[PDB]
Amino acid sequence: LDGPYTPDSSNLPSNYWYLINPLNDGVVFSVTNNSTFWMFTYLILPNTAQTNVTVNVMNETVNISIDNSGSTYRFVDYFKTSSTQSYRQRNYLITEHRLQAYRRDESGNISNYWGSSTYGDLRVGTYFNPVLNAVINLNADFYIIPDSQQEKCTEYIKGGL
């Protein structure tokens with residue numbers, strides 16, 4: 001819709017969907033308030049055997065295991081809620097397209113798509129962990145779709161550009 005825009009980090013406005021279309025796998029999204037929420041999304045390519053990988057995200061070194069082995073992409077969310085904690089895997093998106101999208105509401109809650117494009121179980125999920133006014137890192141090219149057109153965003157997630 002509006003875009004494409006190059007990767008960027010900033011205090012993104014609320015009530016917009018940022019539809020990311022990543023050139024690269026790995027970390028494509030991240031945000032933290034450095035207090036009670038750290039979140040990133042890792043893009044796993046198709047046919048990825050089980051691998052332990054080390055990434056640098058928001059000034060921390062992180063070790064995670066990734067597995068796909070499917071024909072489809074997997075966008076996997078990770079989060080932790082205290083500094084000394086390790087990140088744990090949470091929800092994920094299985095999809096034949098290089099698309100995931102993020103929205104922050106007026107309370108600071110991050111939403112993104114969970115489930116799949118393939119299986120008929122696509123959901124708008126929310127992590128009820130406010131990070132209002134935190135910088136959001138979009139490590140991907142992206143489009144911007146207003147909340148009023150949320151239905152259109154879902155169509156791209158499910159169907160591709």
# chains A, B, ... in the order shown; residues from 1 in each chain; ligands from 1

$ residues_around --residues "range 67-76 of chain A" --least-positions-apart "5" --cutoff "7 Å" --atoms "only C-alpha atoms" --output "PyMOL selection string"
chain A and resi 41-51+91-97

$ select_by_dssp --residues "chain A" --states "strand (DSSP E)" --output "VMD selection string"
chain A and resid 2 to 5 8 to 10 16 to 20 26 to 32 38 to 44 51 to 57 60 to 66 73 to 80 88 to 95 100 to 104 110 to 116 123 to 127 136 to 138 142 to 146

$ residues_around --residues "residue 61 in chain A" --least-positions-apart "6" --cutoff "12 Å" --atoms "only C-alpha atoms" --output "compact mmCIF listing (two decimals) with N, CA, C and O atoms, in the first residue's frame"
# COMPACT_ATOMS: atom_id res chain seq x y z
N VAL A 53 21.84 -21.10 16.93
CA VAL A 53 22.42 -19.93 16.31
C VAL A 53 22.60 -18.80 17.31
O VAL A 53 21.83 -18.66 18.27
N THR A 54 23.65 -18.01 17.09
CA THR A 54 23.98 -16.88 17.94
C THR A 54 23.71 -15.59 17.18
O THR A 54 24.28 -15.36 16.10
N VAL A 55 22.83 -14.76 17.72
CA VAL A 55 22.52 -13.46 17.13
C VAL A 55 22.74 -12.35 18.13
O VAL A 55 22.69 -12.57 19.34
N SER A 86 16.82 -15.29 29.87
CA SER A 86 17.02 -15.65 28.47
C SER A 86 15.71 -15.54 27.69
O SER A 86 14.61 -15.71 28.23
N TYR A 87 15.83 -15.23 26.40
CA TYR A 87 14.67 -15.22 25.51
C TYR A 87 14.08 -16.63 25.38
O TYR A 87 14.83 -17.61 25.35

$ residues_around --residues "residue 16 in chain A" --least-positions-apart "2" --cutoff "7 Å" --atoms "only C-alpha atoms" --output "VMD selection string"
chain A and resid 13 to 14 18 103 144 to 147
